[PDB]
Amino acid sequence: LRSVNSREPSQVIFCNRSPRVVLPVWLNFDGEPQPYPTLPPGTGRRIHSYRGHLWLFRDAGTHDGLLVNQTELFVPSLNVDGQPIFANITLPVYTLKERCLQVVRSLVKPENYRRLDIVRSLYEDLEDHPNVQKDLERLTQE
């Protein structure tokens, strides 16, 4: 799951249509996620990248998954035929459960999450942070 090493510069632009600080993530020629500087919500930026490179977006504070042009993964396309390629970054409809872990994650130090009377099985779901390395291992199947 790598970017193809073209050297065909492609001008993209990351519009952040989300309440969250988004962290753009370029996935390397080898596979490893590299992170760029983040985007305050609303906020756009012009970006130089390359055809067939791969990106993905998430909360810079709680690695949650956002979408880019409605899919999971961004590949910059034909840099011209008009010029910049448009990268719109969105909340999905999180499920109510994941959302519910979010607020709780954001409300309690995960040291002190064992004193929160709910089924053990929900303690495990909650200590289970979203991870890019995970999600990659996830996405990598389809």
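Numbering starts at 1 and runs along the sequence shown. C-alpha atoms forming the largest set that superposes within 1.5 Å between two forms make up the rigid core.
Between 71-79 and 58-66, the larger mean CA deviation from the shown form in 9 other deposited structures of this protein, after core superposition, belongs to 71-79. When the mean C-alpha temperature factors of 66-74 and 86-94 are read from the deposited coordinates, 86-94 comes out higher. In this entry, 24-32 has the higher mean Cα B-factor, the comparison being between 24-32 and 98-106. Each of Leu56, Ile47, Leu116, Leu39 has a CA temperature factor in the record; the biggest one is found at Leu116.
Remark: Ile13 belongs to the lowest third of its chain, ranked by C-alpha B-factor as recorded.
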